[PDB]
Every structure is written in structure tokens, then in C-alpha cells.
Trainee: 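Here it is, the structure in full.
Heavy atoms only: backbone and side chains are in, while hydrogens, waters and symmetry mates are out. Lettering follows sequence order; numbering is per chain, from 1.
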Amino acid sequence: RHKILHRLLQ
Amino acid sequence: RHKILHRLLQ
Amino acid sequence: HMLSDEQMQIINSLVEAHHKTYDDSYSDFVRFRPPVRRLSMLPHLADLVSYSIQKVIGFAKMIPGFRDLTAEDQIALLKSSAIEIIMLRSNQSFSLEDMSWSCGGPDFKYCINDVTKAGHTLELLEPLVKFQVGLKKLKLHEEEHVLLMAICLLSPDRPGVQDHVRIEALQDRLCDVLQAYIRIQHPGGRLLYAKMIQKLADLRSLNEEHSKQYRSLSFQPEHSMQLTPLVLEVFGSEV
Amino acid sequence: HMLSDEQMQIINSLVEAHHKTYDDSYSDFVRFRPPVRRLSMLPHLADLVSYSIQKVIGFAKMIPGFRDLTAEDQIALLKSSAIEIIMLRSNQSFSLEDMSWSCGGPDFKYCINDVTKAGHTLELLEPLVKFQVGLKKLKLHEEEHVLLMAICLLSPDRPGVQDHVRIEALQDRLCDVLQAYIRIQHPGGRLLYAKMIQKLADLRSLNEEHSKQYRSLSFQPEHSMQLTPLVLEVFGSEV
Ligand SMILES: C=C1/C(=C\C=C2/CCC[C@]3(C)[C@@H]([C@H](C)CCCC(C)(C)O)CC[C@@H]23)C[C@@H](O)C[C@@H]1O
Ligand SMILES: C=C1/C(=C\C=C2/CCC[C@]3(C)[C@@H]([C@H](C)CCCC(C)(C)O)CC[C@@H]23)C[C@@H](O)C[C@@H]1O
């Protein structure tokens, strides 16, 4: 899902 | 899966 | 009357288990991400809780009868009680004088305020400190404290438990030891037992509230990324 | 000839992006779990890499044209290059004198040996240091260094990439800027460009080797529990 990468990429 | 809990519980 | 050998051996196992999983000097705390006074305290407290879970697990494996349970039930018991076992063992560092958990210099002394910076509200912290105060006042013997933790951990009333019959029995045998001990070894402990069970109920509520607040913290990746794999695994809903 | 405005603006964006994501004092390193000399250095290096990924992401979002890519391709590019971008930016802290990455007192100075205590072998570390040495000797200008990172990040030759046509184009425009810059602003840089591209190939091999060693470290929960959510997400195979 990449929850963190998504959020950080704004 | 609880990979960590399993391993720690030996 | 007087305790039996088996009863006394159970006490020996638990006291030693606790001694082997709880450092009163808290020297390991320096290996934790430093505390900092958005949720500046989360990294340190996450490491503190993560370290503590590891310790609760070590103590658990030494509770007589626990390791015989299926790995599935061991996990079910750990996951649902971990948070409560932690609040219980933390009482050893709590101080009625300053209403805080004192584990080190100015750095490792935790106040309600500090926990606020970990993403938690008074909705939880108020009862927690209130619980810590009440429990401290019971001046439990190390033996009663260790039994209260083993009893809390073997609560068959946990979601996901299967063999809730054998768990039920194990908790009962411990409850028997605690009751006998208080009666035989603790002067003026006529009401004690009843008070200790009441503490288990307060823990359920604290557990519930913490779970709510944790869920929110958990759904925000910017925050969840600050937790540790173990903390994420034990407090997560993936069962 | 001479650079164009667009070409010069791209250089301005990248240099500033890097300045905004790379502290030469390394003051944040104290917030990392302390280093310790089984895999005693893993906690500190995990935090160092995790912190660094966050920085690579910040720099990435400022690479001209990157943010226009689909979130899926941004993630695909980050996940496969992150490790290489990290080895590249780390060169700024590497020292040919002591053959180490010097970021602080005795604590934040990293030797091949220290990385060994994070679960990695010479199979990786030898080429890494060898790569660090060769790259350092190219005495790149901050502008060429920042371009080399943007170019490495926009390699369309990454697993999981979709719009490998637009990515391909973006990398090309950057390659054009780097080439022009070297020719126009870097005296004696006739061979440079060719040497810099060769460095990208060395990174692929380093990337491959690191991936192997990481997989092993990753499959052992006693070790994986020491990593961070972000590190687990970026180097994980769940795409
Ligand atoms: C750990 C231990 C100690 C203190 C416990 C505390 C003080 C700080 C805040 C804590 C950790 C409460 C927090 C509500 C829990 C927050 C965790 C999280 C952010 C993941 O939701 C629960 C118990 C509290 C120190 C020592 O007694 C060992 C013990 O073992
Ligand atoms: C990070 C940065 C720095 C150094 C990089 C190093 C030195 C220690 C060991 C590292 C982190 C190598 C390790 C093979 C990677 C191990 C990671 C893991 C354990 C998860 O598999 C890759 C690059 C090396 C410091 C500073 O330059 C910022 C930069 O950004």
C-alpha cells in the first residue's frame, strides 16, 4: 500500500 | 502473521 | 493455614521472572531515541513501550502454564493485555510525591504533560495517573505485584482467545495463590484481594481508552512511522 | 556555447533542493538511537537510513518534472533508487584520509567495520568504499553532484515503472544540463561526464548487492524488528 511513502510525497 | 511475536515467544 | 509447595513454587517462578525482566536502574533507556520536550515525545515513548513489550513477553514465557498454551492463544493474550501489563509494571517507577514515573535524571522522568506530546489526551492520562496513585497506595508486596501481573495476563476474557477454558483455569490457580498469600503473609490485607481485582477492571477501561487513542495515532502515517515494528504488531488489528 | 535560462533554472532548483535536505553539521543525528560498537550498530544505522530516505524524498519532490509523474511511478522510482541516492549523498561526509563517513565526534564516524555490525558483509562494503573513493576523486561541483542524484533518481530502467517514456525524457533533459555544465563550467572536465555515467552503473551493482543482504536481514524478525516502518516500506517487496 505504501501508506507512508504516499503521505510523505504529500 | 505476527512474525515478530512468534519469533520472540521462541 | 499455610501455602503449599506448588503454590510457593509458582511464587518463586514469578518473582524471579520479574527480576529477570525489570531493571530498577533503567540503564537501557539511553538506547532509546532521546525524549524531546507535533508529538515530540512519541519517538522516545514508542521505544520505551516497545522495549517494555519485549520484557512483558519474557516475563510471560515464565508464567507457569502459559507456554503450554497454543502459540495462537499466547499471542491473543499478549496482544490484548500487553498495554495493561505495562501500566501495571510501570507503577514500580511511579512516585506519589511528584505524580510521575521517575526513571532517570530530568530526561527519564515522565509527567502527564510529556505523554500528551505522544498523541494522548487527558481522557486517558487522568485515569492512568489516578490508577497509578490508587495502586501505589496498596503498598503491594513484590509477590502480590508479580501475581497481579500474571493474573491480568491470563484473563480468558480477551478477544481472539480460543482455549478459554484452560486459560480460565490457569488464572484461577494464580488467583488462589494471591488470595492465600494475602491472608497468610500480608497483615491487614483482609480487603486487599478485593481491591486488587477492582484494579484489573480499571485496567480494562484504561486499555479501551488507550486503544481508541492509539487507533487514531495509528491511522496517521506521519505518526505511525514513528512507532516500532513490534509496537505496530502488538497493538495492530491484523490478527 | 553557454547554458540556457531553463537549463540554469533547473540547476538552481536542484542546488537549493539539496541545500534544504542536507545538513553539513549533522545535528539531527543525536535524535537517532545511539550507535554501539549481534548487529549492535543496526539500530543507529536504521535510523540514519530512515532519516536519509525522508531527505531523499524531500529532494525528489523538488526535481523538476518528478512531481508530475503518477504517484505510482514516483514510488517506483524512490523505492528502487533510494539506496543509491543515499550512497551518493553520503559521499559528502566521506573522507579519503580516514576512509570513513565522518558525521560527528567518535560516535558519528562510520568505518567499514561499523557497517559490518549492521548485518552487512565485505561483499558489499568493499565496493561501497571503493565507490566512495572513486567518486570523491572526481571533485564534482555541487551542481554536478546534485545533477548526478537527480539523474540517478530518474532512471527509467527501474522495476515497476510505468510511464518509462516520460521518465526517460526527464532523465535526458537533466543529462543534457550536466553535459553542458561540465563542458561550459568545468575546466578539464572533458572526460568527467563519461566517468559520472560509469558511476551510475557501479550504483546498480551496489544496489543489487545491498538488496540481497537486506533481504536476509529482512527475513529475520529479531533483526527486522530493529528497522523502521519507512525503511521496511521502501526496501520491502510489497509493491
Ligand atoms: C514502560 C514502563 C515505564 C513507564 C510507563 C508509562 C510512563 C510514560 C507513558 C506510558 C508509556 C503510557 C502511554 C499511555 C502509552 C503510549 C504508547 C503509544 C504511544 C504507542 O500509544 C502507558 C504507561 C506509561 C517505565 C518503567 O516503569 C518500565 C515500564 O515497563
Ligand atoms: C546516510 C548518510 C550518511 C552515510 C552513509 C553511509 C555510512 C554508514 C553505512 C551506510 C548507511 C550504507 C549501508 C550499506 C546501508 C544499511 C542499511 C540497512 C541496514 C537497512 O540495510 C549505505 C550508505 C552508508 C551520512 C550523511 O552523509 C547523510 C547520508 O544521507
Trainee: With sequence neighbours excluded, tell me which residues meet side chain to side chain contact (heavy atoms under 4.5 Å, CB included) with D:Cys103.
Mentor: D:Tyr26, D:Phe29, D:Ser93, D:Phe108, D:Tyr110
Trainee: Quick one: does C:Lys137's side chain get under 4.5 Å of C:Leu96's, heavy atoms only?
Mentor: yes
Trainee: Minimum heavy-atom separation for D:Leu230 to A:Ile4, with atom names?
Mentor: N-CD1, 3.9 Å
Trainee: Has D:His19 got more than 12 heavy atoms of other residues, nucleotides or ligands less than 6.0 Å from its NE2?
Mentor: yes
Trainee: Considering residues at least two apart in sequence or located in another chain, which fulfil the salt bridge (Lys or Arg N to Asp or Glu O under 4.0 Å) criterion with D:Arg215?
Mentor: none
Trainee: Measure from the side-chain N and O atoms of D:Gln213 to the backbone N and O of D:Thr121, and report whether any donor-acceptor pair falls under 3.5 Å.
Mentor: yes
Trainee: Over all heavy atoms of both residues, which pair between C:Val231 and C:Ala46 is shortest? Give the atoms and the distance, please.
Mentor: CG2-O, 3.8 Å
Trainee: So which atom in C:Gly189 and which in C:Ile182 form the shortest heavy-atom distance, rounded to 0.1 Å?
Mentor: O-CG2, 2.8 Å
Trainee: Using a 6.0 Å cut-off, check whether atom CD of C:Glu222 has over 12 heavy atoms from anything other than its own residue.
Mentor: yes
Trainee: Do any pairs count as a salt bridge (charged side-chain N to carboxylate O under 4.0 Å, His left out) and have a residue in residues 96-112 of chain C, sequence neighbours left out, and if so which ones?
Mentor: C:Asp98-C:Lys109
Trainee: Are any of the side-chain heavy atoms of D:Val56 and D:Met149 separated by less than 4.5 Å?
Mentor: no
Trainee: Tell me, please, which residues at least two apart from C:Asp157 pass side chain to side chain donor-acceptor pair (under 3.5 Å).
Mentor: C:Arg204
Trainee: Counting only heavy atoms from other residues, nucleotides and ligands, does the tally under 6.0 Å from CG of C:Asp5 exceed 12?
Mentor: no
Trainee: Please identify each residue that fulfils salt bridge (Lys or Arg N to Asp or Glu O under 4.0 Å) with D:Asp114, with sequence neighbours left out.
Mentor: D:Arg37
Trainee: Kindly give the heavy-atom pair with the smallest separation between D:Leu42 and D:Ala118, and that separation in Å.
Mentor: CD1-O, 3.6 Å
Trainee: Could you work out, with side chain to side chain donor-acceptor pair (under 3.5 Å) as the rule, every residue matching C:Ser40, not counting sequence neighbours?
Mentor: none
Trainee: Under the 3.5 angstrom rule, does the side chain of D:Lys79 hit a backbone N or O of D:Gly236 as a donor-acceptor pair?
Mentor: yes
Trainee: Flag yes if more than 12 heavy atoms outside C:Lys136 fall under 6.0 Å of its NZ atom; otherwise flag no.
Mentor: yes
Trainee: Would you please test D:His120 and D:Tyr214 for ring-ring contact (aromatic ring centres under 6.0 Å, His included) and show each step?
Mentor: CA-CA 8 Å; D:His120 286 297; D:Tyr214 178 80; 7.9 Å; no
Trainee: If only atom types and distance count, is the side chain of C:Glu168 paired as donor or acceptor with the main-chain N or O of C:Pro156 below 3.5 Å?
Mentor: no
Trainee: With C:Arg173, which residues qualify under salt bridge (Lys or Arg N to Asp or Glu O under 4.0 Å), at least two apart?
Mentor: C:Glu6
Trainee: Does the side chain of C:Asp73 come within less than 4.5 Å of C:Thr70's, by heavy atoms?
Mentor: yes
Trainee: Show the numbers, then the answer: is there a side chain to side chain contact (heavy atoms under 4.5 Å, CB included) between C:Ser224 and C:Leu217?
Mentor: CA-CA 6 Å; C:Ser224 74; C:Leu217 200 63; over 6 Å; no
Trainee: Could you check whether any side-chain heavy atom of A:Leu5 comes within less than 4.5 Å of a side-chain heavy atom of D:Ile57, counting everything from C-beta outward?
Mentor: yes
Trainee: Applying side chain to side chain contact (heavy atoms under 4.5 Å, CB included), can you list everything that pairs with C:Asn207, at least two apart in sequence or on another chain?
Mentor: C:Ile83, C:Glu84, C:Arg158, C:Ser211
Trainee: For the residue pair B:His2 and C:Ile75, what are the closest heavy atoms and their distance?
Mentor: CD2-CG2, 3.6 Å
Trainee: Do you know which two heavy atoms are closest between D:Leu206 and D:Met87, and how far apart they sit?
Mentor: CB-SD, 3.7 Å
Trainee: Is the closest side-chain heavy-atom distance between D:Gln132 and D:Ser90 below 4.5 Å?
Mentor: yes
Trainee: Decide yes or no for D:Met99 and D:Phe94: does some side-chain heavy atom of the first lie under 4.5 Å from some side-chain heavy atom of the second?
Mentor: yes
Trainee: Are the side chain of C:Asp202 and the backbone N or O of C:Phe131 linked by a donor-acceptor pair below 3.5 Å?
Mentor: no
Trainee: List for me each residue that meets side chain to side chain donor-acceptor pair (under 3.5 Å) alongside C:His141, sequence neighbours excluded, and say none if there are none.
Mentor: C:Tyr181, C:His186
Trainee: Tell me whether C:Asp163 contacts the main-chain N or O of C:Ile167 through its side chain, where contact means a donor paired with an acceptor under 3.5 Å.
Mentor: no
Trainee: Is it true that a side-chain atom of C:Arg166 and a backbone atom of C:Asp68 form a donor plus acceptor pair closer than 3.5 Å?
Mentor: yes
Trainee: Side chains of D:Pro34 and D:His44, heavy atoms from C-beta outward: is any pair under 4.5 Å?
Mentor: no
Trainee: Does a side-chain heavy-atom distance below 4.5 Å link A:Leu8 with D:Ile53?
Mentor: no
Trainee: Distance-only, no hydrogens or angles: does the C:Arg33 side chain make a donor-acceptor pair with backbone N or O of C:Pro43 under 3.5 Å?
Mentor: yes
Trainee: Only counting residues at least two apart or in another chain, list the ones meeting salt bridge (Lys or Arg N to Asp or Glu O under 4.0 Å) with C:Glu126.
Mentor: none
Trainee: Taking only residues two or more places apart in sequence or in another chain, which ones pass side chain to side chain donor-acceptor pair (under 3.5 Å) with D:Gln92?
Mentor: D:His18
Trainee: Go through the structure and list residues passing ring pair (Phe, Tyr, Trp, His ring centres under 6.0 Å) with D:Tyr51, not counting sequence neighbours.
Mentor: D:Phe32
